[PDB]
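*Asks:* Next comes the structure file model_13.pdb, holding PDB, C-alpha atoms.
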ATOM      1  CA  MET A   1      65.626  70.834-261.492  1.00  0.00           C
ATOM      2  CA  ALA A   2      63.642  74.043-261.788  1.00  0.00           C
ATOM      3  CA  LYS A   3      63.048  74.784-265.501  1.00  0.00           C
ATOM      4  CA  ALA A   4      64.892  74.049-268.790  1.00  0.00           C
ATOM      5  CA  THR A   5      66.713  76.756-270.762  1.00  0.00           C
ATOM      6  CA  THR A   6      70.549  77.216-270.805  1.00  0.00           C
ATOM      7  CA  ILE A   7      73.154  75.465-268.612  1.00  0.00           C
ATOM      8  CA  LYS A   8      74.264  78.613-266.747  1.00  0.00           C
ATOM      9  CA  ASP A   9      70.733  79.962-266.304  1.00  0.00           C
ATOM     10  CA  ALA A  10      69.158  76.579-265.418  1.00  0.00           C
ATOM     11  CA  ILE A  11      71.916  75.517-262.960  1.00  0.00           C
ATOM     12  CA  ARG A  12      71.740  78.856-261.071  1.00  0.00           C
ATOM     13  CA  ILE A  13      67.954  78.434-261.322  1.00  0.00           C
ATOM     14  CA  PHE A  14      68.394  74.946-259.667  1.00  0.00           C
ATOM     15  CA  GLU A  15      70.495  76.571-256.926  1.00  0.00           C
ATOM     16  CA  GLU A  16      67.567  79.037-256.446  1.00  0.00           C
ATOM     17  CA  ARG A  17      64.278  77.149-257.186  1.00  0.00           C
ATOM     18  CA  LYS A  18      65.200  73.520-256.441  1.00  0.00           C
ATOM     19  CA  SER A  19      67.550  75.010-253.799  1.00  0.00           C
ATOM     20  CA  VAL A  20      70.492  72.630-254.396  1.00  0.00           C
ATOM     21  CA  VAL A  21      74.146  71.752-255.179  1.00  0.00           C
ATOM     22  CA  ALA A  22      74.746  71.326-258.926  1.00  0.00           C
ATOM     23  CA  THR A  23      78.277  72.681-259.762  1.00  0.00           C
ATOM     24  CA  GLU A  24      78.012  71.275-263.346  1.00  0.00           C
ATOM     25  CA  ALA A  25      78.555  67.914-261.599  1.00  0.00           C
ATOM     26  CA  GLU A  26      78.077  64.298-262.572  1.00  0.00           C
ATOM     27  CA  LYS A  27      76.291  64.132-259.209  1.00  0.00           C
ATOM     28  CA  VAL A  28      73.235  66.451-259.335  1.00  0.00           C
ATOM     29  CA  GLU A  29      71.191  65.740-256.225  1.00  0.00           C
ATOM     30  CA  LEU A  30      67.958  67.374-257.402  1.00  0.00           C
ATOM     31  CA  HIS A  31      64.276  66.493-256.578  1.00  0.00           C
ATOM     32  CA  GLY A  32      61.839  67.501-259.357  1.00  0.00           C
ATOM     33  CA  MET A  33      61.104  68.956-262.812  1.00  0.00           C
ATOM     34  CA  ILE A  34      58.247  70.398-264.926  1.00  0.00           C
ATOM     35  CA  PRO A  35      56.753  68.437-267.908  1.00  0.00           C
ATOM     36  CA  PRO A  36      57.386  71.243-270.443  1.00  0.00           C
ATOM     37  CA  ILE A  37      61.213  70.687-270.257  1.00  0.00           C
ATOM     38  CA  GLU A  38      62.425  71.653-273.766  1.00  0.00           C
ATOM     39  CA  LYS A  39      66.210  71.664-274.518  1.00  0.00           C
ATOM     40  CA  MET A  40      68.427  70.347-271.701  1.00  0.00           C
ATOM     41  CA  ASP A  41      71.418  72.696-272.108  1.00  0.00           C
ATOM     42  CA  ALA A  42      72.571  71.706-268.594  1.00  0.00           C
ATOM     43  CA  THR A  43      72.928  68.151-269.931  1.00  0.00           C
ATOM     44  CA  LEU A  44      74.344  69.521-273.255  1.00  0.00           C
ATOM     45  CA  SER A  45      77.499  70.994-271.601  1.00  0.00           C
ATOM     46  CA  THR A  46      77.626  69.173-268.212  1.00  0.00           C
ATOM     47  CA  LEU A  47      77.651  66.141-270.567  1.00  0.00           C
ATOM     48  CA  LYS A  48      81.428  66.049-270.162  1.00  0.00           C
ATOM     49  CA  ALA A  49      80.935  65.276-266.461  1.00  0.00           C
ATOM     50  CA  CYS A  50      77.432  63.633-266.583  1.00  0.00           C
ATOM     51  CA  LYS A  51      77.053  60.422-264.540  1.00  0.00           C
ATOM     52  CA  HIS A  52      74.858  60.656-261.372  1.00  0.00           C
ATOM     53  CA  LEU A  53      71.651  62.332-262.499  1.00  0.00           C
ATOM     54  CA  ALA A  54      69.430  62.121-259.359  1.00  0.00           C
ATOM     55  CA  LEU A  55      65.731  63.174-259.533  1.00  0.00           C
ATOM     56  CA  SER A  56      62.604  62.227-257.481  1.00  0.00           C
ATOM     57  CA  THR A  57      59.464  63.779-259.131  1.00  0.00           C
ATOM     58  CA  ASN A  58      59.880  64.748-262.832  1.00  0.00           C
ATOM     59  CA  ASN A  59      58.151  64.857-266.213  1.00  0.00           C
ATOM     60  CA  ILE A  60      59.484  65.008-269.799  1.00  0.00           C
ATOM     61  CA  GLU A  61      57.440  66.447-272.682  1.00  0.00           C
ATOM     62  CA  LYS A  62      60.310  67.469-275.037  1.00  0.00           C
ATOM     63  CA  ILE A  63      64.045  66.602-274.946  1.00  0.00           C
ATOM     64  CA  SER A  64      66.014  68.168-277.801  1.00  0.00           C
ATOM     65  CA  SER A  65      69.480  67.633-276.221  1.00  0.00           C
ATOM     66  CA  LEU A  66      69.848  63.930-277.200  1.00  0.00           C
ATOM     67  CA  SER A  67      73.492  64.432-278.196  1.00  0.00           C
ATOM     68  CA  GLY A  68      73.759  66.122-274.773  1.00  0.00           C
ATOM     69  CA  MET A  69      72.157  63.137-273.001  1.00  0.00           C
ATOM     70  CA  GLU A  70      74.699  60.934-274.879  1.00  0.00           C
ATOM     71  CA  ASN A  71      77.089  60.779-271.784  1.00  0.00           C
ATOM     72  CA  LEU A  72      74.656  59.741-268.958  1.00  0.00           C
ATOM     73  CA  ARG A  73      75.292  56.432-267.037  1.00  0.00           C
ATOM     74  CA  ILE A  74      73.719  56.608-263.540  1.00  0.00           C
ATOM     75  CA  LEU A  75      70.078  57.615-263.804  1.00  0.00           C
ATOM     76  CA  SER A  76      68.905  57.804-260.164  1.00  0.00           C
ATOM     77  CA  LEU A  77      65.228  58.616-260.749  1.00  0.00           C
ATOM     78  CA  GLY A  78      62.337  57.771-258.440  1.00  0.00           C
ATOM     79  CA  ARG A  79      59.062  59.063-259.896  1.00  0.00           C
ATOM     80  CA  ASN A  80      58.598  60.281-263.462  1.00  0.00           C
ATOM     81  CA  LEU A  81      56.780  60.661-266.724  1.00  0.00           C
ATOM     82  CA  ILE A  82      58.042  59.888-270.211  1.00  0.00           C
ATOM     83  CA  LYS A  83      55.840  60.324-273.288  1.00  0.00           C
ATOM     84  CA  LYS A  84      57.700  60.915-276.581  1.00  0.00           C
ATOM     85  CA  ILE A  85      60.930  59.352-277.902  1.00  0.00           C
ATOM     86  CA  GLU A  86      63.306  62.294-278.521  1.00  0.00           C
ATOM     87  CA  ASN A  87      66.270  61.192-276.294  1.00  0.00           C
ATOM     88  CA  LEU A  88      65.674  57.539-275.264  1.00  0.00           C
ATOM     89  CA  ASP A  89      68.020  56.314-278.034  1.00  0.00           C
ATOM     90  CA  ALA A  90      70.920  58.527-276.835  1.00  0.00           C
ATOM     91  CA  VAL A  91      70.509  57.855-273.102  1.00  0.00           C
ATOM     92  CA  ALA A  92      69.967  54.154-273.947  1.00  0.00           C
ATOM     93  CA  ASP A  93      73.163  54.017-276.027  1.00  0.00           C
ATOM     94  CA  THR A  94      75.380  55.524-273.292  1.00  0.00           C
ATOM     95  CA  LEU A  95      73.380  54.339-270.237  1.00  0.00           C
ATOM     96  CA  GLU A  96      74.065  51.353-268.003  1.00  0.00           C
ATOM     97  CA  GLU A  97      72.374  52.020-264.617  1.00  0.00           C
ATOM     98  CA  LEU A  98      68.668  52.864-265.065  1.00  0.00           C
ATOM     99  CA  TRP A  99      67.613  53.078-261.390  1.00  0.00           C
ATOM    100  CA  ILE A 100      64.068  54.416-261.924  1.00  0.00           C
ATOM    101  CA  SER A 101      61.687  52.776-259.393  1.00  0.00           C
ATOM    102  CA  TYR A 102      58.521  54.519-260.791  1.00  0.00           C
ATOM    103  CA  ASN A 103      58.324  55.389-264.569  1.00  0.00           C
ATOM    104  CA  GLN A 104      55.405  56.040-267.021  1.00  0.00           C
ATOM    105  CA  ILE A 105      56.250  55.038-270.696  1.00  0.00           C
ATOM    106  CA  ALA A 106      54.681  54.068-274.116  1.00  0.00           C
ATOM    107  CA  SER A 107      57.162  54.337-277.093  1.00  0.00           C
ATOM    108  CA  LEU A 108      58.240  51.148-278.982  1.00  0.00           C
ATOM    109  CA  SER A 109      61.625  52.600-280.065  1.00  0.00           C
ATOM    110  CA  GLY A 110      62.294  54.089-276.629  1.00  0.00           C
ATOM    111  CA  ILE A 111      61.471  50.900-274.697  1.00  0.00           C
ATOM    112  CA  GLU A 112      63.414  48.855-277.281  1.00  0.00           C
ATOM    113  CA  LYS A 113      66.699  50.678-276.545  1.00  0.00           C
ATOM    114  CA  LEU A 114      66.313  51.695-272.845  1.00  0.00           C
ATOM    115  CA  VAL A 115      65.091  48.148-271.993  1.00  0.00           C
ATOM    116  CA  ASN A 116      67.625  46.380-274.322  1.00  0.00           C
ATOM    117  CA  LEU A 117      70.148  48.138-271.990  1.00  0.00           C
ATOM    118  CA  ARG A 118      72.459  46.413-269.442  1.00  0.00           C
ATOM    119  CA  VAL A 119      70.794  47.049-266.021  1.00  0.00           C
ATOM    120  CA  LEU A 120      67.411  48.606-265.320  1.00  0.00           C
ATOM    121  CA  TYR A 121      65.302  48.647-262.164  1.00  0.00           C
ATOM    122  CA  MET A 122      61.612  49.416-262.647  1.00  0.00           C
ATOM    123  CA  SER A 123      59.697  48.249-259.606  1.00  0.00           C
ATOM    124  CA  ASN A 124      56.718  50.371-260.914  1.00  0.00           C
ATOM    125  CA  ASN A 125      56.347  51.400-264.590  1.00  0.00           C
ATOM    126  CA  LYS A 126      53.675  51.792-267.310  1.00  0.00           C
ATOM    127  CA  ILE A 127      53.923  49.591-270.440  1.00  0.00           C
ATOM    128  CA  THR A 128      51.208  47.214-271.900  1.00  0.00           C
ATOM    129  CA  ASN A 129      52.156  46.577-275.597  1.00  0.00           C
ATOM    130  CA  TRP A 130      52.976  42.872-275.176  1.00  0.00           C
ATOM    131  CA  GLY A 131      52.131  42.416-278.878  1.00  0.00           C
ATOM    132  CA  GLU A 132      55.475  44.014-279.800  1.00  0.00           C
ATOM    133  CA  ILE A 133      57.284  44.740-276.483  1.00  0.00           C
ATOM    134  CA  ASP A 134      57.244  41.120-275.184  1.00  0.00           C
ATOM    135  CA  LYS A 135      59.943  40.197-277.738  1.00  0.00           C
ATOM    136  CA  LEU A 136      60.824  43.641-279.187  1.00  0.00           C
ATOM    137  CA  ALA A 137      62.422  44.790-275.886  1.00  0.00           C
ATOM    138  CA  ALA A 138      65.345  42.492-276.943  1.00  0.00           C
ATOM    139  CA  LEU A 139      63.939  40.123-274.335  1.00  0.00           C
ATOM    140  CA  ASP A 140      65.867  36.967-275.381  1.00  0.00           C
ATOM    141  CA  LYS A 141      69.158  38.956-275.250  1.00  0.00           C
ATOM    142  CA  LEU A 142      68.868  41.508-272.331  1.00  0.00           C
ATOM    143  CA  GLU A 143      70.832  40.902-269.086  1.00  0.00           C
ATOM    144  CA  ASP A 144      69.352  42.634-265.975  1.00  0.00           C
ATOM    145  CA  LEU A 145      65.675  43.614-266.328  1.00  0.00           C
ATOM    146  CA  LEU A 146      63.582  44.374-263.229  1.00  0.00           C
ATOM    147  CA  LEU A 147      60.001  45.233-264.208  1.00  0.00           C
ATOM    148  CA  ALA A 148      58.105  44.389-261.021  1.00  0.00           C
ATOM    149  CA  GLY A 149      55.129  46.777-261.448  1.00  0.00           C
ATOM    150  CA  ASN A 150      53.538  47.239-264.936  1.00  0.00           C
ATOM    151  CA  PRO A 151      50.531  46.103-267.054  1.00  0.00           C
ATOM    152  CA  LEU A 152      52.832  43.865-269.193  1.00  0.00           C
ATOM    153  CA  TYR A 153      54.323  41.867-266.229  1.00  0.00           C
ATOM    154  CA  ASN A 154      50.986  42.021-264.388  1.00  0.00           C
ATOM    155  CA  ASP A 155      49.393  40.485-267.490  1.00  0.00           C
ATOM    156  CA  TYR A 156      51.793  37.484-267.653  1.00  0.00           C
ATOM    157  CA  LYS A 157      50.995  37.208-263.907  1.00  0.00           C
ATOM    158  CA  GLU A 158      53.492  38.795-261.473  1.00  0.00           C
ATOM    159  CA  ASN A 159      53.268  35.978-258.828  1.00  0.00           C
ATOM    160  CA  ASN A 160      52.604  32.782-260.837  1.00  0.00           C
ATOM    161  CA  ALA A 161      54.415  32.987-264.207  1.00  0.00           C
ATOM    162  CA  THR A 162      57.416  34.777-262.588  1.00  0.00           C
ATOM    163  CA  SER A 163      59.136  31.617-261.288  1.00  0.00           C
ATOM    164  CA  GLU A 164      58.183  30.076-264.647  1.00  0.00           C
ATOM    165  CA  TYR A 165      59.956  32.920-266.491  1.00  0.00           C
ATOM    166  CA  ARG A 166      63.262  32.333-264.648  1.00  0.00           C
ATOM    167  CA  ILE A 167      63.108  28.476-264.667  1.00  0.00           C
ATOM    168  CA  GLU A 168      62.560  28.808-268.415  1.00  0.00           C
ATOM    169  CA  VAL A 169      65.465  31.304-268.678  1.00  0.00           C
ATOM    170  CA  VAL A 170      68.143  29.168-266.922  1.00  0.00           C
ATOM    171  CA  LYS A 171      66.808  25.943-268.509  1.00  0.00           C
ATOM    172  CA  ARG A 172      66.058  27.211-272.079  1.00  0.00           C
ATOM    173  CA  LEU A 173      67.543  30.712-272.885  1.00  0.00           C
ATOM    174  CA  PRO A 174      71.253  31.482-273.718  1.00  0.00           C
ATOM    175  CA  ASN A 175      72.149  35.133-272.758  1.00  0.00           C
ATOM    176  CA  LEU A 176      69.566  36.716-270.351  1.00  0.00           C
ATOM    177  CA  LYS A 177      70.340  36.086-266.656  1.00  0.00           C
ATOM    178  CA  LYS A 178      67.935  38.304-264.569  1.00  0.00           C
ATOM    179  CA  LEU A 179      64.398  38.118-265.977  1.00  0.00           C
ATOM    180  CA  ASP A 180      62.772  40.239-263.206  1.00  0.00           C
ATOM    181  CA  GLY A 181      64.814  38.971-260.136  1.00  0.00           C
ATOM    182  CA  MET A 182      61.594  38.185-258.219  1.00  0.00           C
ATOM    183  CA  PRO A 183      61.249  34.720-259.941  1.00  0.00           C
ATOM    184  CA  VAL A 184      63.541  33.357-257.178  1.00  0.00           C
ATOM    185  CA  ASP A 185      60.665  32.963-254.630  1.00  0.00           C
ATOM    186  CA  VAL A 186      62.673  29.981-253.097  1.00  0.00           C
ATOM    187  CA  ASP A 187      61.842  27.694-256.075  1.00  0.00           C
ATOM    188  CA  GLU A 188      64.569  28.671-258.562  1.00  0.00           C
ATOM    189  CA  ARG A 189      66.960  26.901-256.208  1.00  0.00           C
ATOM    190  CA  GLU A 190      64.824  23.734-256.188  1.00  0.00           C
ATOM    191  CA  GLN A 191      62.854  23.286-259.449  1.00  0.00           C
ATOM    192  CA  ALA A 192      65.462  24.975-261.623  1.00  0.00           C
ATOM    193  CA  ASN A 193      68.192  23.085-259.766  1.00  0.00           C
ATOM    194  CA  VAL A 194      66.518  19.689-260.186  1.00  0.00           C
ATOM    195  CA  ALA A 195      65.785  20.610-263.776  1.00  0.00           C
ATOM    196  CA  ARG A 196      69.439  21.488-264.490  1.00  0.00           C
ATOM    197  CA  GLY A 197      70.530  18.189-262.907  1.00  0.00           C
ATOM    198  CA  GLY A 198      69.993  18.077-259.112  1.00  0.00           C
TER     199      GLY A 198
END
How does this structure look as structure tokens?

*Replies:*
Amino acid sequence: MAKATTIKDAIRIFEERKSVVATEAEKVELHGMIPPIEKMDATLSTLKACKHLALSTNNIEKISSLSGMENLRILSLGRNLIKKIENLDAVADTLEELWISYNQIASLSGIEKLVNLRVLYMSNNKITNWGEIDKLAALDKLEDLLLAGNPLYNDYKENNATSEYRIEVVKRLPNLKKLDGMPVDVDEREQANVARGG
């Protein structure tokens, strides 16, 4: 994206500033955005079609169009900043595929929904509020959560308590299947296997 005003204005402004192919499409192959984004009118209307929102370097200070965001599914981010919960509930409700390799975050409500989600890939992210988040992210429930880079995971210990997390999932927990992926390390197919029953 370029800026954040109206759909028509903004989308022509993406064709000019970003220099790209929008066509009110599900598939918006963009590359960046400015922190001061206000109302996302593009989202608001393009909602109908919204699916493949592709960014690379963006920031989000205000997001009034939550009801607009309410149709997103494929978030193909790369690098971004999130600060205040003004749309996380809507995107989280309608989302499924949070592909967002690098993402800065802090809100309890936001993380609760967007993490409680079906599938999310966060190989780099910023979260540290274990006190709440550790459980509060609907941990026990959640299906596919990849949180490879982040103070929280780094605090458990990203290369020692990882295999422990999964062994404990398969052995002890009901729902949750992919508690960070990485736990495999070659041992989930040996310790976890012997622990299940061979």

*Asks:* Could you check how far atom CA of residue A:41 sits from atom CA of residue A:118, in Å to one decimal?

*Replies:*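 These two atoms are separated by 26.4 Å.
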
*Asks:* Could you tell me how far atom CA of residue A:94 lies from atom CA of residue A:42, in Å and to one decimal?

*Replies:*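 Interatomic distance here is 17.1 Å.
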
*Asks:* Check the smallest atom-to-atom distance from each of A:3, A:79, A:27, A:12 to residue A:122 using only C-alpha atoms, then report the winner.

*Replies:*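 Closest candidate: A:79.
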
*Asks:* Mind checking which residues fall within 12 Å of residue A:158, counting all atoms listed in the file, ignoring those fewer than 3 positions away in the same chain, and posting them as a ChimeraX atom specification?

*Replies:* /A:123,146-155,161-165,179-183,185

*Asks:* How big is the axis-aligned box around the listed atoms of stretch 65-73 of chain A once 3 Å is added on each side, and where is its centre? Give both in Å to one decimal, as AutoDock Vina command-line options.

*Replies:*
--center_x 73.3 --center_y 62.0 --center_z -272.6 --size_x 13.6 --size_y 17.2 --size_z 17.2

*Asks:* If the PyMOL selection byres ((chain A and resi 46) around 10) were run on this exact file, what residues would it hold? Put them as a VMD selection string.

*Replies:* chain A and resid 7 22 to 26 40 to 45 47 to 51 68 to 69 71 to 72

*Asks:* Since I can't run it myself right now, could you work out what the PyMOL selection byres ((chain A and resi 17) around 12) selects here and report it as a ChimeraX atom specification?

*Replies:* /A:1-3,9-16,18-21,30-34
